[PDB]
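Okay, so here's just one chain, in structure tokens, the form deposited in one PDB entry.
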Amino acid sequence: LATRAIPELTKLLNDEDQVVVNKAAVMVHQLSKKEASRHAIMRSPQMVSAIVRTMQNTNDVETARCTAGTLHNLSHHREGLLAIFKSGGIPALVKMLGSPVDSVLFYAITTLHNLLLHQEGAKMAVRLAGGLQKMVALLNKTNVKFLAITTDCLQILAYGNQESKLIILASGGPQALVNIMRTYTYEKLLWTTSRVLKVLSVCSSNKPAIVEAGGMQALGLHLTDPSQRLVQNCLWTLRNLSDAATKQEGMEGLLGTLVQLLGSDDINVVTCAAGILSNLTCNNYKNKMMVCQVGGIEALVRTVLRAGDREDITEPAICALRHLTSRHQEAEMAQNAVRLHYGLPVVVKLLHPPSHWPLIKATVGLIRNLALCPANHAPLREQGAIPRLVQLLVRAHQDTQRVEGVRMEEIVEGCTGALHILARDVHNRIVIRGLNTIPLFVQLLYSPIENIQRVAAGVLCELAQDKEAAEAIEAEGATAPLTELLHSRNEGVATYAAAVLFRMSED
């Protein structure tokens, strides 16, 4: 009997008189709580279609909310979602997002959210209907719960779809999402808002836009928050944005928090914390100072020890040290701290196996920076940091005469470059020259690369200040190539190469 009224009500919804259409909409609205009448409207394509057309057309808000609410109730069942879907439900609902009447707006956004969640093919529908831009524009509202629903939709849509990301990007999404993170305290909201940003951060072109809005800073306010899922999202997001944001201001609090995050028991948080700092201290002196000033050096040291064999933690940690140990005020203070905190012995052990190139690559560079400090010369030597360092240079030079993501050329460079600084100490020169390094120190001058030549002359510059060393060089035949590098257009290569021959001139 109930199935006989439906084909009648349909007729009524289509009626012209907006006095009875309201009535029809009201009765239909009431026939949404009954498991029978619902499954009767639901299973009637002409009925559901009639409702959708009415909703978006009947400008009488009292009717628009009855119809919208009706569809809202159909979005709890698979057959309901399907009816809504195949009846052009999405495009209409998307259009209803422009309704100035909150009751209507809430029905739409909510139902849409259900559709996206459980109805397959709903994502394209919202995308095609200009839903992305309309949602991003709705990030102006101050309703924490409404924002939570809207931000989750965007995430669902943006996940796996590059175009959606580019769209959100162009819609000013980054600026809006950032404001939520730095305005609202509602966890659910903040959490789902981060998930959105996480999805956006993987996109190269989306990355900068986020950093400009002040994403780095905003994400750092919640690294302390109780919510595990919230923190674990800001870490993954920052580890993505990090490499880019080497120009930002007011990063202290963040840098500081990242430092003490290196202490968390959760090894996974320590991993991100280090990976992030490694990128923020890269060619950024202000970030290097800030880190050292909050005891960053000491922390990273502990991190390395606490890591151990696992190169997943040591790699980012070492790079961060490699950074903090040069080109700023507390550069010296940093080189001392690494020694003072008993980090020298362990670092050398990192050159030796079973370590890999990506690790060895960073370790050598750090040793170079640690050699700058005079009070590190002796300690480093004692740890056999010379025999093993050159040992790796020999194995690195053979592989270029005849990997793991690292080219052997720059490995050959890092070795010699470190030995340069690590030759200011007299005792060091003795060991260096006592391991027959001169013969191959000359072949480095025949290197096509300007970098290899630049350090190949600097090391011999330190060795040349001796007598028993200046002769072994000329006896090998290095007196000729040195004369050639005098003209090298490279500003650096032409500086040491000149001082080398000179040292052999005034004995």
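In this text, residue numbers run from 1 along the sequence as written.
Between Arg402 and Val403, how many residues of the deposited sequence have no coordinates in this entry: none, 1 to 3, 4 to 9, or 10 or more?
Going from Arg402 to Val403, the model skips 10 or more residues of the deposited sequence.
Quick one: higher average CA temperature factor, 372-380 or 141-149?
372-380 has the higher mean C-alpha B-factor.
Per the record, averaged over C-alpha atoms, which has the higher B-factor: 128-136 or 110-118?
Between 110-118 and 128-136, it is 128-136.
Whose C-alpha has the highest temperature factor in the PDB entry: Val28, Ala457, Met42, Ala64?
Checking the PDB record, the top C-alpha B-factor among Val28, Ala457, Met42, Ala64 is at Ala457.
Taking the Cα B-factors listed in the entry, which of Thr224, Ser204, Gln329, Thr303 comes out highest?
When the deposited C-alpha B-factors of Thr224, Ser204, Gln329, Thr303 are compared, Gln329 is largest.
Taking the entry's C-alpha B-factors for this chain, is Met47 in the lowest, middle or highest third?
It belongs to the middle third of the chain when residues are ordered by C-alpha B-factor.
Going by the entry, which third of its chain does the Cα temperature factor of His356 land in?
Highest third of the chain for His356's C-alpha B-factor.
Comparing against every modelled residue in the chain, figure out the third that the C-alpha B-factor of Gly89 lands in (lowest, middle or highest).
For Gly89, the deposited C-alpha B-factor lands in the lowest third.
Considering only modelled residues of the same chain, in which third does the CA B-factor of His427 rank: lowest, middle or highest?
Answer is highest: the recorded C-alpha B-factor places it there.
What third of the chain does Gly417 rank in for C-alpha temperature factor, lowest, middle or highest?
Its C-alpha B-factor, which the entry lists for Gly417, ranks in the highest third among residues of this chain.
Although not depicted, the form deposited in another entry is the subject of the following passage.
Among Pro174, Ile421, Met216, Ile452, which is positioned at a hinge, defined as the point where C-alphas switch from fitting one rigid part better to fitting the other better between the shown form and the other one?
The residue sitting at the hinge is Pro174.
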